[PDB]
Amino acid sequence: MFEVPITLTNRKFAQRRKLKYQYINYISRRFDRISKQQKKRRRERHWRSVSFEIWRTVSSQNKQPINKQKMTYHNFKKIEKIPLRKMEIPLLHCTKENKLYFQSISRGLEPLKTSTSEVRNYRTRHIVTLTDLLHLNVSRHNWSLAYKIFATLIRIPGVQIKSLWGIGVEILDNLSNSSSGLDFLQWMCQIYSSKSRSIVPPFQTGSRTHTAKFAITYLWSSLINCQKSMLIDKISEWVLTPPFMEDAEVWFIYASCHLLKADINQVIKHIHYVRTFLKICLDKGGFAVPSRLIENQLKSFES
Amino acid sequence: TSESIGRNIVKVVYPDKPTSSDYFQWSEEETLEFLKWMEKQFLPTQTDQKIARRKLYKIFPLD
Amino acid sequence: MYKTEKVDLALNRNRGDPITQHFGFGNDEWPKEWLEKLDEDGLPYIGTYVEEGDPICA
Amino acid sequence: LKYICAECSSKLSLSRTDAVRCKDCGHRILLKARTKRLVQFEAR
Ligand SMILES: [Zn+2]
């Protein structure tokens, strides 16, 4: 009854995706008319958005001024009447269950059974139980067992997992053995920052534009591994190393490394340094203290 | 016992609920002997960077 | 005159690292003249005459 | 029996990925030992 860390068993789900987005195309096409191939599926699924430290959202202002009813019964069934027969053509090619699914989603009914609930393989089900016991043990502070789970798992050939935040916080709270959360993260960036879809929201990502969660969390959490101190020029040495320019958060990490190193003219250069990176961190989507507060610490320094 | 542990292993690939809710109501030792049977009998699996994953996996002990 | 040289192929490895290089021969195709100087372990047979360019290690 | 223990002197052999150590002592330092083979010399 929980998400599975495997690529979903295939055929029928994909041909259903076909029927769905194809009919979607015909209805929305005729809709814009009335307002006036893997690749066809690709363009189709394509043109669509794919007191505490709250990474705040974008609130409501500078947005439209309503709409008034577009869709009566007669007018909708006008738009619907034709694309449903076009659908009658390839429905004849798909399977009877698939056809039924097309009929029901197109009535607007939502299917009883999940993709998992109708899925149907030994090795993958075993990996499912393995990974599950990993996540469970890591939740249970059972770092020993959890470590055994992790080693036995990574042994397997079967699936790569984005599951990466699972292992970041996993090895993090594990402390037990294996080349740790930082090693995993910098591995993620080294393998997936070069040319060398379904599964992917933001908490696991590709290094064209922002890989977010794991990177910023090893960044901050490493600066807290300096809270262990009072390592920094290391953390910002390998935050210096990568080019993935849409961050700024590593600009505030950088300027935080300079404020932490500023705690004689050397200390001056560190304070001018943080003064610089706070503005080249006004470069991008802002991380802001009132920042006259940042400067006020910097004047407590100017003492 | 060997038997009931087995029946749990069959419960995992039985098509219908409840039996999977039955795996839900199992206990840390059942899960443990499970991962054991996973690393033993899911070596009967099916189907540069490769050595990078021999060192990569050899980063954390296989035991 | 006697000279002692130390061959240590853990020279590169970053501390208790996985081991890349092991004394001996692989199963790819390599000279074979090599076995004139070197035993199966990849170490040289004791007593062997060795002049500049010869193998002393595999 | 290619090798010799440097501490206890027990003659012993190794294999592919084997314990580089004496199977008696546990001393980790082994001397090579050497085998019927033709070396040719001129008596001068
Ligand atoms: Zn010995």
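Residues numbered from 1 in each chain as written, not as in the entry; some residues may be left out. Chains lettered and ligands numbered in written order. Part of a larger assembly, values for the part shown. Heavy atoms only, no water.

The name recorded for chain C in the PDB entry is DNA-directed RNA polymerase I subunit RPA135, from Saccharomyces cerevisiae. The title assigned to this entry in its PDB record is "Cryo-EM structure of RNA polymerase I in complex with Rrn3 and Core Factor (Orientation I)".

Labelled according to the PDB entry, chain A appears under the name RNA polymerase I-specific transcription initiation factor RRN11, originating from Saccharomyces cerevisiae. As its UniProt record puts it under Subcellular location, chain A is described as follows: "Nucleus, Nucleolus". (UniProt positions renumbered as here; feature names shortened; annotations may be inferred.)

J.: Tell me about the overall build of chain A, and name the residues and values.
T.: When you go through chain A residue by residue, the secondary structure sums to 14 helices and 0 strands. Written out in order from the N terminus, the α and β elements of chain A read α-α-α-α-α-α-α-α-α-α-α-α-α-α. Against the globule reference of 19 Å for 303 residues, chain A gives a C-alpha radius of gyration of 26 Å, more extended than a compact globule. Overall, chain A is about 80 × 55 × 35 Å in size when its C-alpha atoms are taken along their principal axes. Per element, the accessible surface of chain A, about 22,400 Å² overall, is 56% carbon and sulfur. Put simply, chain A has 50 plus and 22 minus side-chain charges, and the middle of one group is 13 Å from the middle of the other. (Helix = DSSP H or I, 4+ residues; strand = E, 2+ residues; numbered from the N terminus. Rg over C-alpha atoms; globule rule 2.2 N^0.38 Å. Areas by Shrake-Rupley, 256 points an atom, 1.4 Å probe, with all protein chains shown as cover. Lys, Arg positive; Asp, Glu negative; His and termini not counted. Charge placed at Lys NZ, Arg CZ, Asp CG, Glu CD.)

J.: Give me the lowdown on the overall build of chain C, citing residues and values where you can.
T.: A tally of regular secondary structure across chain C gives 0 helices and 0 strands. Rg of the C-alpha trace for chain C: 13 Å, well past the compact-globule value of 10 Å for 58 residues, more than 25% over. Referenced to the eigenvectors of the C-alpha coordinate spread, the extents of chain C come out at roughly 35 × 35 × 15 Å. Here chain C, with 58 residues, has 14% of them falling under the buried criterion. Taking as baseline every contact in chain C between residues at least 6 positions apart, the subset at least 24 positions apart corresponds to 11%. Carbon and sulfur atoms make up 51% of the accessible area of chain C, which totals about 5,100 Å². One way to put it: in chain C the 6 positive side-chain charges average out to a point 9 Å from where the 13 negative ones average out. (Buried < 20%, exposed > 50% of the residue type's maximum accessible area, 1.4 Å probe, protein only. Contact = heavy atoms within 4.5 Å.)

J.: Any details on the coordination of the zinc ion? Residues and values, ideally.
T.: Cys5(D) (SG), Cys8(D) (SG), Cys22(D) (SG) and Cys25(D) (SG) make up the full set of protein donors to the zinc ion, lying at 2.2 to 2.5 Å. For the zinc ion, the 4 donor atoms in the first shell make angles of 89 to 143° at the metal, so the coordination geometry reads as irregular. (Donors = N, O, S within 2.8 Å, 3.2 Å for Na, K, Ca; no water. Tetrahedral: all angles 85-135°; square planar, octahedral: opposite > 155°, others 65-115°.)

J.: Tell me what's going on with unusual backbone geometry, and back it up with residues and numbers.
T.: Residues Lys17(B) and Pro18(B) are joined by a peptide bond in cis, for which omega reads 5°. Structurally, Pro18(B) is set in the loop between α1 (2-11) and α2 (19-24). A positive phi angle, close to 65°, is found at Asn62(A), a residue other than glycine. Assessed through its relative accessible area of 73%, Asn62(A) is described here as exposed. At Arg120(A), a residue that is not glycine, the phi angle is positive and equals roughly 55°. Counting through the fold element by element, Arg120(A) comes out in the loop between α5 (96-107) and α6 (122-139).

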